[PDB]
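Let us start with two forms of the same protein chain, each given on its own as structure tokens and named structure 1 and structure 2.
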Structure 1
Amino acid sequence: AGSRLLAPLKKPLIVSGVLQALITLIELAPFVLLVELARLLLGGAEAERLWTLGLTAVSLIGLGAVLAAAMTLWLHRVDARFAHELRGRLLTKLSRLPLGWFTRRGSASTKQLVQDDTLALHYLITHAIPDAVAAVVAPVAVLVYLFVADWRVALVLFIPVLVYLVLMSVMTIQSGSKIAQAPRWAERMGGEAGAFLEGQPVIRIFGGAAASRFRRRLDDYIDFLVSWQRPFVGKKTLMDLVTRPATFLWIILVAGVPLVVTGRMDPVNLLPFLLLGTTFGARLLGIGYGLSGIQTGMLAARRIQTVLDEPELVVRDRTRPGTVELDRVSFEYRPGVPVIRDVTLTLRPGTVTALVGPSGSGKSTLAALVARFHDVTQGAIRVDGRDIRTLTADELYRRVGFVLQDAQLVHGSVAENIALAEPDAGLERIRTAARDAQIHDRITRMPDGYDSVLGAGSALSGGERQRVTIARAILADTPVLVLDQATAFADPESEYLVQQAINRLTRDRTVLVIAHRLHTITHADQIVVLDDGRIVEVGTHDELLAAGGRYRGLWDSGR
């Protein structure tokens, strides 16, 4: 999953590995030259033969650091471009999955997927292969050079190396499970924070700050973070101390000064250890700190690829106008939990169909099935003869318009929430749609007119934003219109006015109306009563009243 996701970055990462091998050899280059030059100096060689090489080696110090800085600046560009393409792919995929995915997952998890998981790949791209190649090359090369130089001090050099390896292994084992649990806690905390901000009236009226589940999750997450990061940071700091240049220098001198003072080691043979032996500790520390980043990146890549491999709302190849036909439709939000049970319904042009019934009967899920937010488990739905599973999203949603029960405004102007379907619509079209929905008068009273933003907190009343959504659907101007519990928050005057406007605009169109106020659907050509996910009676208002079924009971209950 991670390998299949990061396959496009094969050759940039291989190039990074090779270039970092060359760069770490360049880092080790001036110190070898200076070791040789100092050996020749202390051997009595003429300085005339060593000025040029000496200045060359002294100026070469830190050249590899500059080359590594340039390589990281390039690989940051590579990672940024890859993350942009990856987020584009993620947003493309999410645009086609069924909405059961969104409802079961939430918005905080989607935010984590798009932003944090792609950002979690930063170390795996920009630093992982450089750090690995550097820590394999520079430590091994330096240890080989020091062992062929003098094995005795190389052995004490091996002590902090093995200690560091043990610390790295135990840290990785200890914190591996915590890193696996980390993104789940992150998305849970994000969801709780989003609910805390969104559900502020509920928090304030019921319980306040003290009783909120947000505080409980916050405390639990902070406990998780403390337990995760205390041993992890302790191991990180101990690994830093073990591999620090000060520690290597001290160990070198502890092993060498007794050897130099005795007639065992020449003092000139400590120069390789003094110059080179202190340089490869940070290279090891890089991978030691990077193994957590590798785990985070691999887990995030697996999550991203898992979301990118999911089934979506594909378009079939199977391949009267204005007609919508539900043909033995059945649907289950969960396995074995039906919400629709073999519903057969035909919506025809020039007619108004009323879908009534108890709450939770399945009216909104039926309207969603018409939208193909989810695929029908059985049966088929066909608009203008074409099965909606064969129509693309552009072909489908150009045929059917929707006024959802939950009026979901977007962060933007009132002229953008209206004309969301047709953003390039003229402002006069927006004004006409608003007048039809009776929200033009309200928008005129706003401070900046039709450009007033409708973000979080800068909202309207419920009926007003419902009218805004009605204006959106009006300006879409589709052959088929679906009204999922529209005008629920509208007062009788506003409800009557928008009903008259919709009747004027949909005289020849196919209208599906979902309503609980049965007095608003008395003129429907075909009233359909949906109870427990199955149609129990169909007819006109008078026929359903005379039948004495569920519609008669609902009508009696509402008076």
Structure 2
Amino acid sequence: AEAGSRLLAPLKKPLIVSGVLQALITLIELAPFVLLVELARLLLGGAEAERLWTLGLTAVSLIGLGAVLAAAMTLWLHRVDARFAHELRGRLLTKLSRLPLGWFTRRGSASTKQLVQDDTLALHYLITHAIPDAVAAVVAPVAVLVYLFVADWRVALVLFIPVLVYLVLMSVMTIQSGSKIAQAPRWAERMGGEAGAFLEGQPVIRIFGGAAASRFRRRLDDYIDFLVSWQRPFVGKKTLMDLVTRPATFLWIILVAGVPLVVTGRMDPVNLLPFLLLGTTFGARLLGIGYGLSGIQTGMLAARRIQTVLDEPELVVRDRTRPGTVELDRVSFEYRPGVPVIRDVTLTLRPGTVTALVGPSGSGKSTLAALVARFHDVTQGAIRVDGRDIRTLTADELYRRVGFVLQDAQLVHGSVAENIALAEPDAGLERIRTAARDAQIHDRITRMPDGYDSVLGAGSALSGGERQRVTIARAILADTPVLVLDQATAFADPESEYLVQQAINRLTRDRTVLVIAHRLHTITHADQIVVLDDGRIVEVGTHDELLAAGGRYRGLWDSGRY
């Protein structure tokens, strides 16, 4: 795999070092068994006590050294491949912060979690155990079999029965489980998304259908059936491999092939000692890769899936590198190919000018605000903030010019201060309280038990109007030259809406504002009202001019007043 090899390129030296060290360690671990073979031969030969004690103590010390070496190598390799995993997760979190925001909506939060966390964890066997286990399985069986051939060829060839049976079982196991491992991450993402929606959309599940009439349970049954189908023959093959390559099976085969040779005048009983002592040792090492090829397949697929994300388009700042001005120019945008949501929209804000964007629902005003935010790049045209194009402004220099209030009030898990001070965490508590008072939320927060330190996670949230006021407080505290209000004060009652609108007008007397609202009675004082219909501006003007014109805005006004 090109992507798999290119992702783990830094670990070439550690992987080769681990391979060589395990080639040495398997020989060191096989060393004391040869010493015990010599000890058994001397016991049958009746050697003096000194030779027996020296061989026994050397064998004990050598097996101890082999165990210590294996533990040290696995410790070091786990440390190296925890550092690699942390670095790769950091790289992924730096990548995802630059992808076009259409990447997140079509993938979901559960898929992003599977990417950053589960896929990078799936690399564990490929980098910590794959090469040591492969080298051990190709060294220790080969060296042991070569030695046992010199000891006796008749009793060595019979050990190819369990070895060849194991090879056939391993090959058919991996061939049958190849497709299911490929299908597994898709099912993991699907199940994660279903679980996330099940927990997040709990009221909908409770009222509309309940527990039994839910999609989550249906796909849960489907996933459990898939897991059964995948894991039944898989574990069936694993246990058969364990039986084929366990020490007792090798020992029984050795004895069945040897006792006919020893009882008959065909073999000396002393030549069974190599087979009894060494011949049972390489079974457990063969099984290490038998249980590892599945881990290697998952690791390689996870490596490919991670590197695919690291090769995405990244909203790169281009090399083409008035205050308070935003200036669209023949902007056209499509969330998907062949699906135009904006059509030749030209619009220029100015300092101290409150531009009002209204129109039918689904027209394209929120996506226009997103384009101003550069969550997505305009397909055509250009958006120029202070003359500089947004595609040349870096993110720090861009979002320090433009502050936003989103339609969806998205609070993050943290204190109320941590949400009001999301943009400027260094901001003092008095600045936070001033912003909150301007947003008509400080009265609410003081009534909560902990005050501003109270957490705003799931299950400790607020009402819709209160969280929208919190987001308004965030945008006010950010204090950017340009402000965008995507449907702010939708859930606010008239009194609170009037108060926060007055606060915003006070806080943007000289700054730029782009108010977006379906409640047209608040829009009547706007400097210019831009009617966005079908993703294209159909008319521009003040309130009175638009009413006199008698077009879309007159229709919306008449529908509202009734």
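Take the two forms, superpose them, and find the largest set of C-alpha atoms that agree within 1.5 Å; that set is the rigid core. Counting starts at 1 with the first residue of structure 1 and goes up one by one along its sequence.
Asks: Go through 63, 497, 505, 29 and flag the only one whose CA is off by 2 Å or more between structure 1 and structure 2, rigid core held fixed.
Replies: Shifted by 2 Å or more: 63 only.
Asks: Inspect the rigid-core superposition and answer whether the C-alpha of residue 39 shifts by 2 angstroms or more between structure 1 and structure 2.
Replies: Yes; residue 39 is a residue whose C-alpha shifts (by 2 Å or more) between structure 1 and structure 2 when the cores are overlaid.
Asks: Please say whether, between structure 1 and structure 2, the C-alpha of residue 519 moves by 2 Å or more once the core is aligned.
Replies: Stays below the 2 Å threshold, so no.
Asks: Rigid-core fit: what Cα movement does residue 487 have between structure 1 and structure 2, in Å to one decimal?
Replies: On core superposition, this C-alpha lies 0.2 Å from its counterpart.
Asks: If I align on the rigid core, how far apart are the two C-alpha positions of residue 54 between structure 1 and structure 2? Answer in Å.
Replies: So the C-alpha of residue 54 has moved 3.5 Å between structure 1 and structure 2.
Asks: Fit the two forms on their core, then tell me the C-alpha shift of residue 150 between structure 1 and structure 2 in angstrom.
Replies: Once the two forms are fitted on their core, the shift reads 1.1 Å.
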